[PDB]
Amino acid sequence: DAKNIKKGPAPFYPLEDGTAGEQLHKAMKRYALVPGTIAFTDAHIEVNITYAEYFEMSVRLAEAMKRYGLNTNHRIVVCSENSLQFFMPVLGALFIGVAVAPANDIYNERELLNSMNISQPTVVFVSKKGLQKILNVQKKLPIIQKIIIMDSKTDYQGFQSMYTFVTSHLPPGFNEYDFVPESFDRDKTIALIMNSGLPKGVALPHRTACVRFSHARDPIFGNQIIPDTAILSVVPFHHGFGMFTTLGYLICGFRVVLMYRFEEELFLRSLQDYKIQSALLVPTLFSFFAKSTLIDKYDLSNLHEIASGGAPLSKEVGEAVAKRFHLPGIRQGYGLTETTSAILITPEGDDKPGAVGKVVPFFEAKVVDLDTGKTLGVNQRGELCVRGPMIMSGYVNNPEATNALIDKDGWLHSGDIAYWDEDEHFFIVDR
């Protein structure tokens, strides 16, 4: 110390001001003004929704929730499998500083109850197939006073859709392109309450999404903003890996192709036909594609990268997948729910097998001795600790669990074993 604290380089672009709502609003308004720019594509049903459509419905949902009465003292739950509609109430609530709690749509009723007992939402957005579970949770959590169906146009089984709800509360003359997103304190207004014994609520201020948005547009730590870039994401939107890659893709103006049910031929054909440049996989899908022999039958010449993951993958698995996809390697990244997003990212092209990446801008990371907490040195194995502005502000009504994890020095103890090498690539040791 000082040379055993690994530091992230400066951001290519300075850190934008304003809330996460404001930066999303600003970027998506610009993309909305180009007709036909695609935001999301559902691979199963083949429908595209454009930035204009997405911007206007999100702005309308923002103003409708504001006029309903929701403010920074309220939370919503968005409970739905990955869908064209998922990010509409997410964006609307961020535009007005209402915290959003994504609800694992393959939670059973009990997992659902505990998730929402922590987040205490006033309004629930849910897909049709989640409705009866929400209703049963409402019997035990009557703070849920309003339930809105996401994947309907008309009312559904007595409940308003997002479209009928918006119509009920927009003022006459509402103009989507005059709407101004709320300004408020970036550090103290919670953007997301993510789920991590029993899961905890992880409160993430807007600031931490604003920092992710720096990483997402970064030419080294994210993606170059280039027109007609398309992503294939098969990662759940309600978990932090899918939440904050997708928001970053929206701020980049990318086309986000989604699948909520993995199928081998549909995935490969979607890579081919949508000329996908980046594909996102959960760890166990890497093992799957290590076994796949169909990859050669598809034109994947546009494929530039495959990114992971919660994980970390084995070095052997990542090398086998990379070979099959005729790529030089896998672009890994590492983070926890409590760090918002990845705080260790494989730099563009700076690719190394088994490595999880380097420290991201605004962060620092070290490896401490498992017995003493002392800062270790190159290739020394110990506990990974990270410090930076994407760390959560704490667990929700659980300051004891918060303090076990983050000291007064603001260092986050990942509970993972790690080491960094000569060129400062981090590796995670599997326990």
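In case it trips you up, residue 1 is the first one in the sequence shown, and so on. Only the largest set of C-alpha atoms that superpose within 1.5 Å between the two forms is called the rigid core.
Visitor: Given a rigid core fit, name the stretch, 211 to 219 or 100 to 108, whose C-alphas are on average farther from the form shown here in 5 other deposited structures of this protein.
Guide: Greater root mean square C-alpha distance in 5 other deposited structures of this protein: 100 to 108.
Visitor: Given a rigid core fit, name the stretch, 167 to 175 or 237 to 245, whose C-alphas are on average farther from the form shown here in 5 other deposited structures of this protein.
Guide: It is 167 to 175 whose C-alphas lie farther from the shown form in 5 other deposited structures of this protein.
Visitor: Taking the other compared entries of this protein, do a third or more of them lack coordinates for residue 197?
Guide: Comparison shows residue 197 dropped in at least a third of the other entries.
Visitor: Pick one of none, 1 to 3, 4 to 9 or 10 or more for the number of deposited-sequence residues not modelled between residue 196 and residue 197.
Guide: Count of unmodelled residues in between: 4 to 9.
Visitor: Read off the CA B-factors in the entry, average them over 309 to 317 and over 70 to 78, and name the higher stretch.
Guide: The deposited B-factors put 309 to 317 ahead on the C-alpha mean.
Visitor: Give the stretch, out of 82 to 90 and 344 to 352, with the larger mean C-alpha temperature factor in the deposited entry.
Guide: Per the deposited B-factors, the answer is 344 to 352.
Visitor: Of the choices 32, 43, 401, 65, which one's C-alpha carries the largest B-factor in the record?
Guide: Result of the comparison over 32, 43, 401, 65: 401.
Visitor: Report the option among 242, 97, 361, 205 whose CA atom has the maximum B-factor in the deposited record.
Guide: Comparing C-alpha B-factors across 242, 97, 361, 205, the maximum falls on 361.
Visitor: Ranked by Cα temperature factor within the chain, is residue 263 in the lowest third, the middle third or the highest third?
Guide: For residue 263, the deposited C-alpha B-factor lands in the lowest third.
Visitor: Looking at the temperature factor on the CA atom of residue 144, which third of the chain's modelled residues does it land in?
Guide: Middle third of the chain for residue 144's C-alpha B-factor.
Visitor: When the deposited Cα B-factors of this chain's modelled residues are ordered and cut into thirds, is residue 326 in the lowest, the middle or the highest one?
Guide: As the PDB entry reports it, the C-alpha B-factor of residue 326 lands in the highest third of its chain.
Visitor: Taking the values exactly as deposited, rank residue 412 by C-alpha B-factor within its chain and report the matching third: lowest, middle or highest.
Guide: Highest third.
Visitor: For residue 274, does the deposited CA B-factor place it in the lowest, middle or highest third of the chain?
Guide: For residue 274, whose C-alpha B-factor we compare with every modelled residue in the chain, the answer is the lowest third.
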